[PDB]
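Taken together, the values in this text are just the output of simple stated rules run on the coordinates, not laboratory data. Cβ: placed from backbone, ideal geometry, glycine included. Neighbour counts: every protein chain shown.
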Amino acid sequence: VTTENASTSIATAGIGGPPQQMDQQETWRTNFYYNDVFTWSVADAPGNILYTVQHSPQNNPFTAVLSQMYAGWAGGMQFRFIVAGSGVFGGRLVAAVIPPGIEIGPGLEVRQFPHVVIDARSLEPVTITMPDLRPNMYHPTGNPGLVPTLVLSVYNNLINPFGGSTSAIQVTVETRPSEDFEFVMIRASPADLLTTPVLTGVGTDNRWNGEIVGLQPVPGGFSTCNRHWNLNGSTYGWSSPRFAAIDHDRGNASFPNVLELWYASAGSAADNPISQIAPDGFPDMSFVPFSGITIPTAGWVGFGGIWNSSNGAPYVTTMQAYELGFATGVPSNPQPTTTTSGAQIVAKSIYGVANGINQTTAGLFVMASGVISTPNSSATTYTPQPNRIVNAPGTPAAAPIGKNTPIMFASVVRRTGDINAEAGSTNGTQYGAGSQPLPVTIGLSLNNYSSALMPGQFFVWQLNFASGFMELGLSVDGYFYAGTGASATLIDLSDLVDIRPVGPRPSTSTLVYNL
Amino acid sequence: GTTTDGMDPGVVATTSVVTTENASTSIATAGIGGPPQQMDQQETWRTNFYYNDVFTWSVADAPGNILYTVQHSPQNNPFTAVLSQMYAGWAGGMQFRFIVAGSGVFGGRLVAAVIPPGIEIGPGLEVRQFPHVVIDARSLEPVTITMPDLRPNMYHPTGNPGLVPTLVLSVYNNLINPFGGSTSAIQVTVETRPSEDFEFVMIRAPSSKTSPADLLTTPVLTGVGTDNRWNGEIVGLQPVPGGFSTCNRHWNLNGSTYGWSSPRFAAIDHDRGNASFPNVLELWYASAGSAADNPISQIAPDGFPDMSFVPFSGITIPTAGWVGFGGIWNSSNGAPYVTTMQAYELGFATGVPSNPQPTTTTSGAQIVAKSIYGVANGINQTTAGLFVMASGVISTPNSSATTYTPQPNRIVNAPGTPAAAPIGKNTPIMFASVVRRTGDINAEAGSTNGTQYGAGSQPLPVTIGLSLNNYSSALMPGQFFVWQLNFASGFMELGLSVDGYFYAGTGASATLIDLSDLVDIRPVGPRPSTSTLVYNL
Amino acid sequence: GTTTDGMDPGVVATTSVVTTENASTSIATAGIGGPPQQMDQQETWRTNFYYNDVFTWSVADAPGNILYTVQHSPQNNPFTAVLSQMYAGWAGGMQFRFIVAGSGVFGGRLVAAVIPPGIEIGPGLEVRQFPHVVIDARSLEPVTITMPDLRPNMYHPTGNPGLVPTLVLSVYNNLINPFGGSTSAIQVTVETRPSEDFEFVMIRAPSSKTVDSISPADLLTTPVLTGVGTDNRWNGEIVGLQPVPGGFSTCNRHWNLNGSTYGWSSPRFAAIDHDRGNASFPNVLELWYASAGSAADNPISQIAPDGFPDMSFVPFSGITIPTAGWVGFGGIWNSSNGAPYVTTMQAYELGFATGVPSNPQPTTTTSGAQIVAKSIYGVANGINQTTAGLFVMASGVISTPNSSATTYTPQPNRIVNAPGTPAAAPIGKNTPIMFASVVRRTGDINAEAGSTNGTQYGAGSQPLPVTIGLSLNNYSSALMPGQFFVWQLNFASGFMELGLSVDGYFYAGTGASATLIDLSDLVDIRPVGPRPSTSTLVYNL
């Protein structure tokens, strides 16, 4: 593994003392080791760039380990490419080393640099050596300076004479340091957000606080801002990453076995530091009108009541299971709404209270872990539906990207019609939906991930089942995506074994769904 | 003599265990793993001494007291620890350099010896009857001691080295300060350097796995984690000088529990029970040991609180009772009796078909729920179901706040549950959070009516971690795993036992400790349980 | 051993970074600039050691605490800095001599090491895991340590040298006094001389300027603070330093180290003049006002006319006199022809206020605000005009209702700043300070200093010469983010350190105190150079 400029590199690296870790018989620098992997699809046009890497010791695991205790490095590195194709594919790739000071972009003519050619049917690996073309005498670890770059681009487009569901292949990259690599001057990503316990039975969703049991695709698309954080440490909702009792002090309560009706105007929660739209914990679902004996369907119900705002004492005769929601113009006519601007928050008991109370000013106290109201023992579709979600203005939306569809996390929740059916019951199963897992939301609200991902990429994890595996992507806005296409069937997580991170991937690349 | 460079060992003190035969045999036998790696003798990381540790020598240390002791390991040098991540075996010796920061007026001496493998290290080990070296407190130049690699195997795998020698430094004669006063301690700095025969073999992947350090991380106690009884954000630490016990939602370091609940808060639901009301107070009850639908245990339904029942009748409101919102539902079809929805109080009581009496033993007891307010209309049924929420509140007759609950006498535990008792100056503590009270459902923190605190035994993430993973070999019986909590002014130590109880060095005090000034948590590791934890607050 | 001469290095201590390969490579690569200059080995300026700095060592310093840092530069020697004015490049190492003024009864050790370039210097640096040397507190002869030139460039340009190594000295073991008592500290002196391979290249004309400035050493010279320089807000002679433990912000007439400003004024005091505004008086108090963001004639910014004070407006009416308000003498002039309304000449108060067509309310944000001037005394005759001009003087006074003096103004809550202005906050034991001068007050226009009625102090953020220098020259490469450029102020009893950041705020090591520091005993100012911003500045007063 020789280079054309080894002598000058070694001579000029002497400014930092004698070379270190330069024993040529060492095991860590005689073999190739895995570095990375990328995707090559039939949609890639000729001249498009598929892989780019800057020269650094971070391209080999053992050089990365050894760089923890050294302040400088010099020398080149050898790269190896392994293509996992078959005999029916056709196409070529080209790889070249770009000297420093040359712009890298779509208008780069890799085919006119000194290069090598990689075939889609190639069995033996193709190697290329990147020398250390540097304007400095050595590369300090903190501020390496100008370095050359390795660029991979399509030479001839990939073709599949069969045609079907196989439109992409994978290419593996392995590295090995050159003979002239050396160290001098001895010195002293959101990968952990989604770990296996989060989805194997410990983590819970951020809307119903129930154990996640499935993944529900949403081909139409949806939006969510209550208890939902992006990758910039900001939120558009009014709740904190916890489930604590909903408590408001000033509101209008009246009942004109009677149904107590409490309501208030939005934008009046001065005691909530996160936002003033609603008290912390208030659900972001629309209000379903009901009266008399009729029981509303798919409504958020919490146990609680009214309390005296003068001294904090509770009206013991108003304890019941109320339904909470957002509605507009409800001093007399209940009408659902999905916009917090110029709206009202309404709570109304679904059962007759012991005795009604008329007060101009009164407080509301409800629990945050609610249930779903249903008129009978039969189960309904997963709720809340995309048309029932209430969001603040300026909340970004999640839309399908090619064959990638945003999904929700589905858990099992109780229903009033039958409070005994949990799973496998003859009366059906009821599923609530959330946008993010609670540990993921807490992690996004605590730490900063504003530089780990660029706009237009997904951070991908791999979920491994007994039969095959699947990929799960996370965007910068905080929505999760799966490669389920236009299907809407619930995905079961019973057979999940472990979760393996993958990393940043283009958002226009279809995620693998081998189930 | 006042200047020492990075390659000077100083005075070379020799012990009889250092022989040429040992080094030659070690080098010859280490070849089973292939050619040696990282063996160049001119590398900078091998020729220099580097800082390893520091300890304190006080005038109050009796002769024989051990001041420093380490097992032979690549972890004793900063640069061998880095290189050990990519190798699967090692062999050879290591040198230890000691610098004493004393003066010419001090007296006292230290003794150092190398303990051969297979010998227990403890207070009963007499170092001075082994071959040893004596070092004076007036030493100006460094003194270097070499630990040879005495091993019955060909090499030490990084996964489990096996039998290894041990280096021990102890007090030979007491430190003497002729002037007396406030100056009564000196420091000793330890630096290490590998021997000429040290080597690595069998390169491996850096991300290859061969302690419960990650259980207690800063977010758990800075405002994210919650307690395992009231599901509220932990805000304080309450010492319990008397001692207590707890088994509901509480795991040990062996992956076992003595309670009946799972590490979560989900609605309490039971199907078969007796309900009667002889604005009326509905009374539901059932016999313990009848929860056939609960796989964890049959004592009670999952989520049922482990607090005793406080009797009450008429207008009188019970004090310090667990109250949950819910009611009765028809066990025949699962439909709920809509006229019985109210805030009930739940508890364990014995012989309550007519006379309420509290109890703290699940053996031959009953589970009782009773509404504290008048329901819309009572229901009489021989068989009925109970449905309550798991996140309860504390019942109080007025707006005033009471002491932290549940008190140690109110906790109900299954037979065979181990207890937590003070050990010297180490006292078990509980995690205190803020909970609502019925008398005033608006006071949260800083209110003029007082603050109400609920107590739990373990944080919820810690309980989940103990219930998922196995830690049955990380800690020996009689040691505490210690973390360090760093505040703005000073720091404190927190210990965890094998039974799962937390301990602090608060002595006999009982004042609540505030966690508002907490900055970060740093793990320390295993320590003897009879060593007083530092409480510099 | 008890006597040391200027050419004696004492005990020579070396580390692993001093190698033959480094010296040979440095000498070979330095040849791109031609033959070396100033290599006469018998010159006095090369053979003797000269003073660099003195620092203290206390018994309360824990191991790992950093006591002394220095960045490799020709400015570290008095004679190499002078010679650097006529050359375009340099290369080579430097020798550092340490003398410890200890005694035979003390204990404890120090540790020194050379830090390669590209490594941050701060509390997280473990000096003892580098190649290092240990020095006892009982050392009698001096100890010399050599810093080699570890550089990624062939040579260091005079303007922008590039990356250089650093020398750090920290505590190895605690200093101990066996007797105890009140004696708990000793002192260490550092001296420097160039190594045998130090050289200059490419002689240049002394009057030529380097694209990037060497360092802002000449910005803060002794005349600036001994009675000649003035502050940038009240144009008064600086007489004190006022610590601000709470923290503050300032953008009007305030420049950073990048040649940019966030205010609207120029580094001068010239008459405030605006042409279009609304004047009305509904002995009467004339009230003129205008909307912010309408100063189209001001090239620096459109927020306000050049010279307009950045203080909030204090409401007042009738006989009540506002307290701590900016008052300037002037009036209204006819915007049609430029003639002045001679009947409106009076001492007005100027400020920033929001929504004042009827209700005066103070504000501290220039976004969506208004500029308001209102006379504090009755004018000869009022004038009603829809459009009129305002002409005021820039050197104002402080309005007070009586002869008593008040606290220093403007307070941090009164300062008005544009959006995007960075703030100054305490860093460990380093607190931002303001420069305090003596200003007149309306209640008593005769009390200057030592009066029985009290002394009134105005405050500014930067001295005027410093602001002018920052606005003229470029210092965007002399300091890295996270370091302070430190000067030393020498008084009759002890000395103190003063740091300057990249944002342009000054810092002192006064901790949490807020007492004014007197500059009467100042003798001279000596530059020190770049230092970590997390290192406590010496305050031996």
Exercise for the section: Residues being polar (S, T, N, Q) and outside any loop (DSSP other than H, G, I, E, B): count how many of those fall in region B:375-389. Expected result: 1
Problem - Unique residue being buried (at least 19 other Cβ atoms within 10 Å of the Cβ) and either more than 30 Å from residue B:525 (Cβ to Cβ) or touching a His at 6+ places or on another chain (Cβ under 9 Å) (or both) when the list is B:296, B:268 - result: B:268
Fill in the blank from the handout: Every listed condition ((1) assigned to a strand (DSSP E or B); (2) out of contact with any helix residue (DSSP H, G or I) (no Cβ under 6 Å at 6 or more places or on another chain); (3) surrounded by fewer than 20 Cβ atoms within 10 Å (Cβ to Cβ)) holds for residue B:485 save (3)
Problem - Meets criteria (surrounded by 17 or more Cβ atoms within 10 Å (Cβ to Cβ) and polar (S, T, N, Q)) for residue B:210 - result: no
Practice task
Search region A:396-452 for residues being within 14 Å of chain B (Cβ to nearest Cβ) and on the phi > 0 side of the Ramachandran plot, and hand back the single one that is surrounded by the most Cβ atoms within 10 Å (Cβ to Cβ).
Solution key: A:428
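Restricting region A:111-143 to residues that are of a type outside the set (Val, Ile, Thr) and in a strand (DSSP E or B), which is nearest to residue C:118 (Cα to Cα)?
A:140
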Fill in the blank from the handout: Among (1) under 30 Å from residue B:330 (Cα atoms); (2) within 14 Å of chain B (Cβ to nearest Cβ); (3) not in a loop (DSSP other than H, G, I, E, B), residue A:368 falls short only on (3)
Problem - Residue under evaluation residue B:290, criteria (1) polar (S, T, N, Q); (2) over 29 Å from residue B:246 (Cβ atoms); (3) out of contact with any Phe, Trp or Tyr (no Cβ under 9 Å at 6 or more places or on another chain), criterion not met - result: (2)
Practice task
Kindly check whether there is at least one residue in region A:231-239 that is out of contact with any helix residue (DSSP H, G or I) (no Cβ under 8 Å at 6 or more places or on another chain) and within 12 Å of chain B (Cβ to nearest Cβ).
Solution key: no
Exercise for the section: Please go through region B:492-523 and pick out each residue that is in a strand (DSSP E or B), of a type outside the set (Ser, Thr, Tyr) and surrounded by 15 or more Cβ atoms within 10 Å (Cβ to Cβ). Expected result: B:492, B:493, B:494, B:495, B:496, B:502, B:504, B:513, B:521, B:523
Completion exercise
Among residues of region A:118-165 being over 30 Å from residue C:154 (Cα atoms) and of a type in the set (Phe, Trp, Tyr), the residue surrounded by the most Cβ atoms within 10 Å (Cβ to Cβ) is A:155
Fill in the blank from the handout: Within region B:79-94, of all residues that are touching a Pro at 6+ places or on another chain (Cβ under 7 Å) and not small (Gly, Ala, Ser), the one farthest from residue A:185 (Cα to Cα) is B:90
Practice task
Within region A:461-482, work out how many residues are touching a strand residue (DSSP E or B) at 6+ places or on another chain (Cβ under 7 Å) and surrounded by 20 or more Cβ atoms within 10 Å (Cβ to Cβ).
Solution key: 13
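Residue-by-condition table, conditions (1) assigned to a strand (DSSP E or B); (2) within 14 Å of chain B (Cβ to nearest Cβ); (3) over 30 Å from residue C:36 (Cβ atoms):
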| position | (1), (2), (3) |
| --- | --- |
| C:146 | yes, yes, no |
| C:160 | no, no, no |
| C:168 | yes, no, no |
| C:179 | no, yes, yes |
| C:183 | no, yes, yes |
| C:186 | yes, yes, yes |
Completion exercise
Note on region B:224-272: residues acidic (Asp, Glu) and either in a loop (DSSP other than H, G, I, E, B) or closer than 26 Å to residue B:518 by Cβ (or both) are B:227, B:233, B:271
Problem - Filter result for residue A:205 (more than 30 Å from residue A:301 (Cβ to Cβ) and either within 14 Å of chain C (Cβ to nearest Cβ) or buried (at least 20 other Cβ atoms within 10 Å of the Cβ) (or both)) - result: no
Exercise for the section: State yes or no: is residue A:455 surrounded by 14 or more Cβ atoms within 10 Å (Cβ to Cβ) and over 30 Å from residue B:333 (Cα atoms)? Expected result: no
Exercise for the section: Considering only region B:323-357, state which residues are within 20 Å of residue B:290 (Cβ to Cβ), part of a strand (DSSP E or B) and either away from chain A (no Cβ under 14 Å) or aliphatic (A, V, I, L, M) (or both). Expected result: B:328, B:346, B:347, B:348, B:349
Practice task
Report yes if some residue within region B:97-116 is surrounded by 16 or more Cβ atoms within 10 Å (Cβ to Cβ), closer than 22 Å to residue B:29 by Cα and of a type outside the set (A, V, I, L, M, F, W, C); otherwise report no.
Solution key: no
Exercise for the section: With the checklist (1) in contact with a helix residue (DSSP H, G or I) (Cβ under 9 Å, 6 or more places away or on another chain); (2) within 14 Å of chain A (Cβ to nearest Cβ); (3) β-branched (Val, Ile, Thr) in hand, flag the one item residue B:379 doesn't pass. Expected result: (2)
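Are any residues in region C:93-110 in a strand (DSSP E or B) and under 16 Å from residue C:58 (Cβ atoms), and if so, which ones? Break it down stepwise before answering.
Going residue by residue through region C:93-110, those that are in a strand (DSSP E or B) are C:94-100, C:107-110.
Those that are in a strand (DSSP E or B) and under 16 Å from residue C:58 (Cβ atoms): C:100, C:107, C:108, C:109, C:110.
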